[PDB]
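Below: the structure, in structure tokens.
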Amino acid sequence: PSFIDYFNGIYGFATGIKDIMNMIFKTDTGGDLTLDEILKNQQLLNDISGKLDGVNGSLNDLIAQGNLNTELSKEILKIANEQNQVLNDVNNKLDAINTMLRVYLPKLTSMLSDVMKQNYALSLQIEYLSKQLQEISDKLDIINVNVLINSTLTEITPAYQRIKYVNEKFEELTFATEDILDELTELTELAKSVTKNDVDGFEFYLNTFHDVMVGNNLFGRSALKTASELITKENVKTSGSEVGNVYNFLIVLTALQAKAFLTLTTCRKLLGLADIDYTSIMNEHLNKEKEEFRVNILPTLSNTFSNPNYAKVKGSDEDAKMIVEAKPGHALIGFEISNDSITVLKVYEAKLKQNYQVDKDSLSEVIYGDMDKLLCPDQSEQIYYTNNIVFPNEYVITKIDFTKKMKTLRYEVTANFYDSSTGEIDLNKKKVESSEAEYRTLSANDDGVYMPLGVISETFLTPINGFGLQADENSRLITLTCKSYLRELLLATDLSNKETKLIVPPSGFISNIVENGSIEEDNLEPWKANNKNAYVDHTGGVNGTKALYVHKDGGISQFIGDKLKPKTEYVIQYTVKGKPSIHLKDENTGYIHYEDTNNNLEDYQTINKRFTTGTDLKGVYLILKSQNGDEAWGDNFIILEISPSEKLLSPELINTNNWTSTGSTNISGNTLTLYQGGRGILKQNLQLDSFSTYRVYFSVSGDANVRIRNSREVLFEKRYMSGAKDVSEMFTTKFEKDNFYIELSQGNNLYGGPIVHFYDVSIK
Amino acid sequence: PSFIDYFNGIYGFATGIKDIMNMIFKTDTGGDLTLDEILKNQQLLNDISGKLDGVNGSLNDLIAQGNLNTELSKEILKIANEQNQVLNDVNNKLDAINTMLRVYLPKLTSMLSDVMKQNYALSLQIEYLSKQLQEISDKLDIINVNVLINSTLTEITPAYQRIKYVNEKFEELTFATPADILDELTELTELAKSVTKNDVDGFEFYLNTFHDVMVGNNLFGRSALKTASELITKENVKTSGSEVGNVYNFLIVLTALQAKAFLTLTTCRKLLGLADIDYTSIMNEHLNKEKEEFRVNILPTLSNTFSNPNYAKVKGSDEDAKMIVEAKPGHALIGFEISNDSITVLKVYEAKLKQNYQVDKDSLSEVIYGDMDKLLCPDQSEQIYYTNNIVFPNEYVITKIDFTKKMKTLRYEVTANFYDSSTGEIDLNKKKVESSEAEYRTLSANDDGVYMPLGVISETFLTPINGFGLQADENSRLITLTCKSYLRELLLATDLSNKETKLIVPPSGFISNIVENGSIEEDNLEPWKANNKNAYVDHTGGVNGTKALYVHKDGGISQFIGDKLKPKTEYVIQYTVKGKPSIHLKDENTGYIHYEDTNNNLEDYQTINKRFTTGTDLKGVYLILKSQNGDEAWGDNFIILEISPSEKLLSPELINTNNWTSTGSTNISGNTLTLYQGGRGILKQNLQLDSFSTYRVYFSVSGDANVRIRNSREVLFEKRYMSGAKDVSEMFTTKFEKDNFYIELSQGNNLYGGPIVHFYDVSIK
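Chains as they are written, first to last, in the deposited numbering: chain A, 14 to 191, 204 to 789; chain B, 14 to 190, 202 to 789.
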């Protein structure tokens with residue numbers, strides 16, 4: 014589960030905790046004593062009143078039982094009235110204490126609830142970031158332990174254990190809370218053990234945690250440094266960059282510390298103790314850790330991130346192409362390639378606001394499906410022009426083309442100028458391509474090639490500065506490495522202690538049209554059941570969800586006709602169990618776009634297909650029934666709009682009307698003829714792109730020589746000599762694109778009479 | 014944050030804390046055994062007692078004066094007895110509370126006020142030294158180390174953390190010191217109960233283990249001092265001091281930790297009214313054992329030389345200049361500092377000595393020099409650094425260091441005056457050493473500037489300088505100034521012998537500046553002043569945590585500094601400012617404008633530093649900070665330094681036409697020399713050259729010639745230019761000679777008759 018709200022940085026929740034601490038302090042419960050002192054005085058007055066009241070009762074009873082004289086009874090009544098006045102004063106004080114305690118208890122419960130509210134509001138972010146931390150930690154099963162790591166762990170685990178224990182137990186008890206003192210026994214014990222001055226108390230371990238993190242030890246290193254060196258390992262394959270991962274680590278550390286200080290203040294207030302204002306110390310710790318990370322950690326980190334995983338794939342080698350394009354004001358900020366059933370690529374766009382921030386409102390998601398065929402070949406070889414583009418700062422990638430001509434993979438990137446101060450991207454473009462001199466070829470192999478997979482995006486969505494593809498032929502690996510502006514955004518917003526705003530890449534598809542596809546909201550306001558059957562089976566679904574179910578003949582339907590397009594391709598996906606039947610059906614007209622029937626899926630199976638739409642569209646809706654009369658239940662309904670893929674157009678270039686001939690040579694329609702004995706040649710000027718590839722076709726008879734070259738560089742040249750029946754040849758252009766020409770020639774002396782012929786000479 | 018005050022060494026704060034502990038012992042609390050007596054119930058218990066005593070007295074009078082004698086009277090006796098029990102409990106509680114409030118509270122509040130007042134200065138000193146030691150430790154590497162270093166760290170980290178935290182917490186809770205006073209006393213008593221509780225892992229246990237690790241009584245006989253010295257002595261560690269000073273600073277920090285820990289322990293045991301133990305004996309034993317360990321097993325194996333900590337790329341014109349870093353009569357050089365914030369500047373500290381090389385705080389003059397980058401660095405034409413480490417004997421203190429950059433070479437001459445160890449007077453008995461000739465090193469011409477030294481060149485505490493050396497690395501193009509100190513002797517004589525120690529610390533601030541309150545830290549601008557009701561002290565502004573001067577409309581903040589100046593002497597101005605300021609050093613009389621800085625759209629704080637000269641009446645000059653036109657701007661860190669004048673190089677001509685001892689057929693016509701072919705004649709001229717100096721000989725020769733500048737037994741230069749000798753300038757040195765040097769212009773041939781050879785403009789410069 015991911016959160017769509019901003020993250021606000023460490024400064025964000027630091028200021029939040031400061032506000033909560035101010036809220037705790039401003040409250041004036043009693044302002045006279047503490048809880049323990051209140052209860053001690055309560056017991057004191059209880060015992061005093063009990064003894065005095067027993068005495069007075071005994072006196073009154075034994076004097077009323079037998080009255081003897083006038084003066085004796087008079088003085089007895091006088092002293093009894095005086096003692097009763099004293100008892101009334103004692104009882105007044107005791108009732109004042111009782112009222113103080115009765116206004117104390119509920120006030121403290123309300124304060125703890127108000128605390129826990131914002132504490133839980135914050136805890137979700139650190140929960141997701143700690144989940145990512147655990148994901149990166151699982152990869153540490155192959156990194157052997159070093160003396161540095163051993164020492165840092167043995168030094169930090171006690172303080173960390175104690176701080177985590179205190180925080181989690183305080184949260185647990187404050188949640189369990191929602204006389205009362207008998208119920209607050211555990212909370213009071215915790216507050217008394219946490220606010221206790223001791224040689225090895227809680228504040229001691231907090232301070233030593235900070236000192237071992239920032240590195241204020243006499244002869245100790247900063248634990249942030251060792252943690253970054255551990256995270257920044259080559260064997261560890263994570264989704265984001267190194268800046269992002271060490272930033273997540275710093276986030277979890279500062280969150281632990283801030284929650285600890287908050288629990289400390291809340292416990293002090295619960296016990297009625299004085300207010301110490303730990304805001305200053307918390308800010309000192311957090312800011313010192315931030316400055317450590319900024320000065321001695323961040324500069325030596327990489328801001329480039331690649332794909333974490335690969336997948337064996339086979340892609341048709343038939344001239345593929347795609348164009349990951351952003352809108353005029355939008356930019357590219359992240360990718361994700363999924364290869365469960367279909368090889369889909371989601372791309373995130375967004376408007377920028379300032380200091381490379383990402384506008385959450387404008388966050389859009391585009392889909393592509395040509396990655397399989399593009400990146401990986403099926404049977405016959407492949408070529409990739411490996412070159413990591415690196416645009417300068419202030420430029421953000423907006424368009425990334427992939428043009429697979431014959432068997433090459435060439436890509437061109439463009440970066441628009443982004444003003445850092447403002448959030449606008451002007452139409453000042455810098456175009457780079459994959460240089461020629463450095464290409465790498467994957468040989469034809471029966472098994473599939475390893476295509477990138479997973480999330481290619483910074484831990485927090487940010488603009489992309491550079492793009493590159495790499496290929497390894499020894500292992501047939503492919504990697505897509507991008508470059509982000511996270512260092513700049515951090516140094517500008519969070520490491521300068523200013524307002525931060527960040528977005529985390531979500532796990533699901535934002536663009537999917539089917540609302541409540543996962544069916545997590547128990548109320549099916551989007552969906553609906555026609556007949557009194559087919560309901561929400563909570564036990565079913567993708568483990569912890571609420572699946573849609575069908576029994577007899579009543580199918581659950583959802584209207585999604587409007588949010589579609591005509592003839593545009595779409596991708597359907599859904600997990601189901603039993604014998605289901607899914608149909609994307611239109612009420613008007615009997616057109617059936619997607620239909621899935623007859624699937625004895627005893628266990629949950631994930632079906633993913635592609636289709637097209639062609640109808641009125643406005644009257645279309647999704648339907649889930651049961652095959653014939655059986656029962657079945659599904660979940661995770663997804664319908665994605667994949668962007669149309671453009672077909673690579675190939676101009677003929679060569680035309681019979683552009684054959685500059687010299688000497689005895691004749692061009693008849695579509696045939697060329699060079700006569701032996703003459704010094705003639707057929708030169709033709711061409712217009713070739715910069716770093717493109719081209720394919721020349723010839724059908725030649727006789728001895729011939731052909732050279733496609735420039736004045737100072739030659740792309741292709743060959744004398745086929747006797748045999749030249751038919752030949753197709755690939756040739757590249759490199760950084761040239763100027764004054765290129767083809768020469769059909771044959772230089773000999775006393776060869777007269779015979780001739781050489783060319784047919785179907787073409788550049789495609 | 015330095016402090017200009019005699020840092021009395023371990024002996025100092027040791028005896029101070031011993032006195033404080035004895036005073037704490039002398040404090041009398043009495044019967045303060047009722048700690049679990051809430052003092053905030055005095056009024057309640059007093060009211061209850063005052064209201065119950067009346068009833069008790071009424072019952073007593075009834076049973077006494079009353080004539081009733083019956084079991085009724087017996088029951089009345091029982092009732093009175095129960096009321097008396099209640100009253101007696103209330104009165105016992107009230108009496109305990111009153112005693113604790115009128116005997117136990119005033120004594121302790123006074124005692125703790127005194128404890129804190131005395132700990133103030135010790136805390137200041139030890140906090141500065143702790144900052145320095147933490148910088149050093151940051152400059153350390155502990156990744157790849159032995160088993161002994163690892164064991165010492167394992168053994169010393171927990172106790173160190175515990176003791177440091179406990180000291181800081183006790184200091185905070187004491188400074189904390202009505203319901204607030206009693207709550208703070210409750211916090212102090214909780215901390216005291218935790219510190220003094222009977223467990224094997226108590227504060228005392230950690231103190232004793234800290235001592236055992238400092239002395240070497242651990243598993244491996246490895247004292248923490250030995251690992252500290254081994255880690256600080258490595259080549260990678262570059263600090264502003266020697267190994268002696270750095271390990272002594274380590275010892276100071278840790279012994280101060282221990283002493284303050286013993287003080288907190290005594291204060292806690294007294295606050296809880298516990299049996300006294302007299303930790304003064306244990307404190308003295310620990311500190312003396314650790315000082316003895318340092319003196320015996322650590323100090324002898326340390327080097328008392330300190331070099332430059334940092335380097336900076338810098339260039340310098342090939343123009344020749346002479347500099348004389350000297351100390352006034354009776355003074356001595358005790359430290360330097362090369363700062364290149366904006367321009368290269370050299371602070372030099374001079375002070376009179378008192379005894380055992382102790383520096384006098386009162387006499388701590390500071391001089392400034394500005395021609396260090398133009399002297400230590402070349403611009404575009406190579407450089408020759410003469411490198412030799414001088415080492416004077418004991419009782420001799422450096423007073424003058426003279427750099428003479430005659431040509432493209434660098435060489436220095438040091439002078440050391442005799443110093444009496446017993447008294448504090450430095451006689452005028454001088455020993456002069458120079459940079460030996462045979463060992464010079466050349467930096468080739470390179471477009472990129474050379475790495476000039478930078479940082480504080482001085483022991484951790486200002487001490488006299490014994491020897492000086494310049495070293496140069498050609499491959500790395502580095503330059504280092506390695507000086508030698510007397511800290512070992514000053515310590516063996518004062519501190520490690522348990523005697524009154526007096527140590528000063530490099531102030532880390534241009535004391536020489538004439539702008540009072542330049543940093544503007546004192547909120548009350550008694551020196552400065554505002555003409556109009558505007559331009560005030562912006563506390564939020566300034567170098568992070570300071571109080572900057574501000575200007576808005578047309579009222580500029582001014583400070584009078586006309587007197588403390590000189591006419592035509594060069595000065596350096598420096599100041600940080602934000603906004604659009606306008607700084608002017610203006611004289612009320614005459615419209616002369618010495619320094620003027622206007623039009624600087626410094627949106628962020630920028631540090632402007634410039635040089636200038638003064639020429640006016642001077643007595644009516646003052647500094648002014650206004651805003652350009654009408655904008656606003658605020659600055660801070662105002663500094664005006666008087667740089668010592670630099671002397672220009674005077675190079676004797678030496679060669680005069682009136683001293684040409686000619687032999688054979690040779691003729692000298694005015695400024696031309698002519699040797700006739702066919703004759704056995706030669707032109708010999710005697711010269712007077714200095715010991716370790718360089719000279720440049722210029723010739724314009726026509727014909728075949730040979731020239732040799734040599735002595736009777738050594739030759740400085742010799743060359744036969746043969747056919748072509750149109751013009752030639754040659755550098756030559758003298759080495760350890762300076763006696764009977766002569767130039768010979770000669771050409772030896774047989775049957776060559778008729779032609780001649782001519783020399784012109786032959787000069788030695």
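All C-beta atoms in this analysis are idealised placements derived from N, C-alpha and C, irrespective of residue type, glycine included.
The beta strand (DSSP E) that contains residue i, what's its start and end?
| i | result |
| --- | --- |
| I632 of chain B | 626 to 636 |
| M396 of chain B | Note, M396 of chain B: premise wrong, no beta strand (DSSP E); not H, not E. |
| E316 of chain A | Run containing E316 of chain A: none in the beta strand (DSSP E); it sits in the alpha helix (DSSP H), 304 to 317. |
| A440 of chain B | 436 to 443 |
Taking 8 Å as the CB-CB limit, is residue i close to chain A?
| i | result |
| --- | --- |
| residue 201 of chain B | For residue 201 of chain B, no position is available: the coordinates of chain B end at 190 and pick up again at 202. |
| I156 of chain B | yes |
| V567 of chain B | no |
| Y646 of chain B | no |
| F234 of chain B | no |
| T170 of chain B | yes |
| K64 of chain B | yes |
| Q147 of chain B | yes |
In angstroms with no decimal places, state the Cα-to-Cα distance between residue i and residue j.
| i | j | result |
| --- | --- | --- |
| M755 of chain A | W684 of chain A | 21 Å |
| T487 of chain B | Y381 of chain B | 7 Å |
| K650 of chain B | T593 of chain B | 26 Å |
| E627 of chain B | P324 of chain A | 26 Å |
| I51 of chain A | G43 of chain A | 10 Å |
| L249 of chain A | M307 of chain A | 17 Å |
| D365 of chain A | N260 of chain A | 25 Å |
Taking residue i as part of the alpha helix (DSSP H), name the residues at either end of that continuous run.
| i | result |
| --- | --- |
| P171 of chain B | 160 to 189 |
| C507 of chain A | Taken as a continuous stretch (DSSP letters only), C507 of chain A belongs to no alpha helix (DSSP H), being part of the beta strand (DSSP E) at 502 to 509. |
| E267 of chain A | 267 to 295 |
| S126 of chain B | 118 to 151 |
Between residue i and residue j, which are expected to be in contact by the criterion C-beta below 8 Å, what is the C-beta distance as a whole number of angstroms?
| i | j | result |
| --- | --- | --- |
| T213 of chain B | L48 of chain B | 6 Å |
| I392 of chain B | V369 of chain B | 6 Å |
| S509 of chain B | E550 of chain B | Not a contact, Cβ separation roughly 39 Å. |
| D751 of chain A | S726 of chain A | Contact doesn't hold; Cβ gap of about 10 Å is too wide. |
How would you list, in chain order, the residues of chain B whose beta-carbon sits under 8 Å from the beta-carbon of residue i?
| i | result |
| --- | --- |
| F723 of chain A | Chain B residues near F723 of chain A: none, gap ~57 Å exceeds 8 Å. |
What does residue i touch in chain A if you count any residue whose Cβ is under 9 Å from its own?
| i | result |
| --- | --- |
| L161 of chain B | Chain A residues near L161 of chain B: none, gap ~13 Å exceeds 9 Å. |
Determine the chain B residues that contact residue i at a beta-carbon separation under 9 Å, and present them in chain order.
| i | result |
| --- | --- |
| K53 of chain A | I51, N54 |
I want to check one thing, is the minimum distance from the CB of residue i to the heavy atoms of the ligand MG below 7 Å?
| i | result |
| --- | --- |
| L357 of chain A | The ligand content of the structure shown is nil, which means the ligand MG is not present either. |
Hey, does residue i have any beta-carbon neighbour from chain B nearer than 8 Å?
| i | result |
| --- | --- |
| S445 of chain A | no |
| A572 of chain A | no |
| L48 of chain A | no |
Chain A partners of residue i, CB-CB under 8 Å?
| i | result |
| --- | --- |
| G67 of chain B | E95 |
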